[PDB]
Amino acid sequence: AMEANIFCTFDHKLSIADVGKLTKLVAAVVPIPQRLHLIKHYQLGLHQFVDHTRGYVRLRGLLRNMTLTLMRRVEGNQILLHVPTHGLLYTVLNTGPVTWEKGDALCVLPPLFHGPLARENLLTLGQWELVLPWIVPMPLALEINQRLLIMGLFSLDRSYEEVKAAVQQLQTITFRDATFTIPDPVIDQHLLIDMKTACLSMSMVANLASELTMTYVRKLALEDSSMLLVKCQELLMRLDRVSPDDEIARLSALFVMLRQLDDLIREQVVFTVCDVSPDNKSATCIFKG
Amino acid sequence: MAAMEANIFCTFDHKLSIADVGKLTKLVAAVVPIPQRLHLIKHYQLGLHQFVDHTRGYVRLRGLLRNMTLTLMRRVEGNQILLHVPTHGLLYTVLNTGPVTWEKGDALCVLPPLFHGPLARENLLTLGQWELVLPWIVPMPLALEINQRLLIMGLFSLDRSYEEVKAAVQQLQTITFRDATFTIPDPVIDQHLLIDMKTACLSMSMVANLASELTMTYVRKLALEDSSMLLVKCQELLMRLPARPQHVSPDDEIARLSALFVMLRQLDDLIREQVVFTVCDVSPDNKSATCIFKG
Amino acid sequence: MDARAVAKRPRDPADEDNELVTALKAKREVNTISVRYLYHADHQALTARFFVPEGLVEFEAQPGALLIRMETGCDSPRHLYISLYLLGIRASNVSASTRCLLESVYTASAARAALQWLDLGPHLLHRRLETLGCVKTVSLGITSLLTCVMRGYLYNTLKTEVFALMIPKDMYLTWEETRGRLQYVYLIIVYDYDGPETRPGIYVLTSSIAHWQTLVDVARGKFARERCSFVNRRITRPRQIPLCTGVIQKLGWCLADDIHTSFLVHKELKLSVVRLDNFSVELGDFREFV
Amino acid sequence: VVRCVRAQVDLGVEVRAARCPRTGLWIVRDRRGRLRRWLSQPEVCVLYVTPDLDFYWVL
């Protein structure tokens, strides 16, 4: 009567105290890059995806196409992992730094903390370090995405002081008994390529919308059939106060910048809480994939 | 009400020749659409030949295909097709039908076929003024482009000459996705493409109004000191024509970016219709793939 | 590993005994607890348990009703579980007669506090409402205990009674005269961005349409006036950021034949409702559109 | 209600009226709710008085 379980081993000589460190992480969701059956421990967590060169939201895009197992049982020489299926309930540990409550829509985010921190004593080897994805509720995830994206938008004008105080304002967030702070996406007054592609795509779709749409709705008024369409170009006239293959190229690049933004503008709720354990360390959630 | 039968038997009234039963045995564990959801359906309702019209409106076919219930073929025998409408979440194998190579980790969407007709010479169960029509299981970026080019061919064809239209269909019918060339059968402007154009243009007008004082000048400030092939390739599709930000008010920028995300999603869902299968592992000859998200 | 292991027949749960029976039977003891039939083993519906103050559990002694947790900017009572009927004093869709009926049953302390908390923030409703699903039992204390149903059918213990989802008549809305074999249910919040009020209209739609684009293309065709109101308040009042004219989440699905009109009586207040007898809850996120 | 296509003047007329919520103007109907339809007729003119003695003269 065994369940479908993916077995993961370890190649290093894991000591007894390190297993005892590992045994606390029972209901901790760990991603998997590829649904194998027996997998090495180098592909268990985000430390196969750690890149000092690349940014943060590239990891958010690469977390979408993972497989998010749960540590079913920890013992000697192999670790059990449980692939969840849609509809059955599972316990999840609060590996994220945010408190949870009954019925919150949970979403999975790459951890905004890494390396040296007073609570980042994690499962570590000589070169391997286990890092866990964050599990935060839905509106906090939306707000964090907006904060990091706006802080990426201020990457060029950082020399002024109003922008610096704005970065100090956006970098922190108050939540339910949370004085949480995020890291800044810029380091050493130059921006990483992930955030640069994100803000470039957003600025491009905003600029192309500000360029094409007046001409298109002005062309649409000849074949106008709804009063919703004539009044929308009126506000374009209010706000404002070529080769055809290039026009096709402009529309195509607009849709390319639209396609390169779905990793930011939406996210799927993964868990929702049925019950939270007392002291908020764990909770019981149904799956929703 | 009686429950929806997970075991759907399709029957046959034509005299099946032996090659027809042979070609019907090829299509085990494939996708077929059915709108009826009874237990003992006939063969006329099975497939997509009930909706193929003389219009050949491919956008109309995409509009109707989203409402059809997708099932899986199982246990083909004499005059019996046991179909299984799959419950959401579990996994079972599907099989490709078109020449579309797949990957692992991507997603799959349902689609009416491309260059559909006697060009590839499909003898897929032809009997008595009826053909078995198969929806394509296509991956994610192909399903993105196959509606992006649809909407662009809709939007361009307003207020312009017909020779521009005939020069624009041939620039936007080929798709060179993943070592293969596909052609779309007759992209024709209809009322459905019109209402899709109306939704698209309203959303992009509202997001043009919704743009803040900084996000429209980000590339304008960036392109003075930056040099990259990405920035150069995106700059030339714009017109030609230190400084200070006007007023930083991030309390307003959160609301602007939130409603801008809503407008971007409202533009986005015109080409991102439905994820219907997430492929996990393929066969090496790519004839099939075990996948999840069935239903 | 051999031929008989794969050739073994599949396992049925009711044939084999429970865990506790074969645990006690080995060491040869018998206790006063009867363990030969263990309840709630064959219960596919995923459920939970939530507390609620007494001020909200009017129109709730009947089993089967929607339950949406609402947000609250405080710290201690910061989450509160309100029924759909108590949200009826906020919908502009509700007529005056039904509103004056159902506001005359929530004349307690905490009901008006949730009424004020809905109309005190800067945000909309669907940025403060989170659906939990449907109840199936009460407990009726001074702090009543509810059992909500998260995913699956609604039934009693021992499955002897199928509870039914109740929705009031004003929020009900169909867009077809011929219902299919199935029709899903959706929860529709559509905002009226008119001058003095942004008070939305709450609707529960029972449609046979499944694919989401093929739902929103008729959602625009049924709520066009509110779209014009949204763009009108956008063009009229700049330096304001309106968003999400209509928000739709999938509530669940039904059988499209057991849907009939009924009523609930409580404190001799007859309220005409729509009764969905075999409803299976399948919650979804508040998907937003324009 | 006065009217100059026929030089016909109508004296004792009752009108139910309220605001159009989509805008800020007035909507004038009958007690049955006819949505009183002389305002589109180009020849008539009406005088409106309210119970708080507010005055209106509508071309």
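Everything below is about the structure shown above.
Scope of this entry: the structure provided in the associated data block. (Residues numbered from 1 in each chain as written, not as in the entry; some residues may be left out. Chains lettered and ligands numbered in written order. Part of a larger assembly, values for the part shown. Heavy atoms only, no water.)

This next bit is on the overall build of chain A. Helix and strand counts for chain A stand at eight helices and 12 strands. Oriented by its inertia axes, the alpha-carbon framework of chain A measures out at about 75 × 50 × 40 Å. Carbon and sulfur atoms form 56% of the exposed surface of chain A, whose accessible area is close to 13,300 Å². For chain A, the distance from the average position of its 28 positive side-chain charges to the average position of its 30 negative side-chain charges is 4 Å. (Helix = DSSP H or I, 4+ residues; strand = E, 2+ residues; numbered from the N terminus. Areas by Shrake-Rupley, 256 points an atom, 1.4 Å probe, with all protein chains shown as cover. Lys, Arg positive; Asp, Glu negative; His and termini not counted. Charge placed at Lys NZ, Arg CZ, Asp CG, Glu CD.)

What follows concerns the side chain of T147 of chain C. All names here are of chain C. In this structure, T147 sits in strand β6 (residues 143-152). A distance of 2.3 Å separates a polar atom in the side chain of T147 from a polar atom in the side chain of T137. With residues near it in sequence (within four places) discarded, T147 still touches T47, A48, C134, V135, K136 and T137. (Polar contact = N/O pair within 3.5 Å; in protein donor to acceptor, adjacent residues only side chain to side chain. Contact = heavy atoms within 4.5 Å.)

Moving on, we come to the pairing of strand β12 (residues 282-287) of chain A. Residue and element names in this part refer to chain A. Taking burial as the measure, the six residues of β12 include five buried ones, the bulk of the element. Two elements, strand β6 (residues 89-93) and β12, share five bridges in a ladder whose sense is antiparallel. Note that in β12 the partner of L89 across the bridge is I286. Relative to β12, strand β11 (residues 271-276) is paired through five bridges, and the arrangement is antiparallel. (Buried < 20%, exposed > 50% of the residue type's maximum accessible area, 1.4 Å probe, protein only. Pairing = 2+ DSSP bridges.)

Before going further, it helps to spend a moment on the pattern of salt bridges. Evaluation of the coordinates by the stated rule reveals 33 salt bridges over all chains. Of the charged contacts, one joins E288 of chain C and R265 of chain B as a salt bridge, the two residues approaching to 2.4 Å between their closest N and O atoms. Of this pair, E288 of chain C sits in strand β15 (residues 287-289) while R265 of chain B sits in helix α8 (residues 250-268), which puts the two residues in different chains. Note on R265 of chain B: relative accessible area 10%, which makes it buried. Among the salt bridges present, the one from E282 of chain C reaches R151 of chain C, with a minimum N-O distance of 3.6 Å. Taken together, the positions of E282 of chain C in strand β14 (residues 280-282) and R151 of chain C in strand β6 put the pair 131 residues apart, joining distant regions of the chain. Sharing partners across several salt bridges, the network here consists of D104 and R176 of chain A together with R69, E71 and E130 of chain C. (Salt bridge = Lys/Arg side-chain N within 4 Å of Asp/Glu carboxyl O.)

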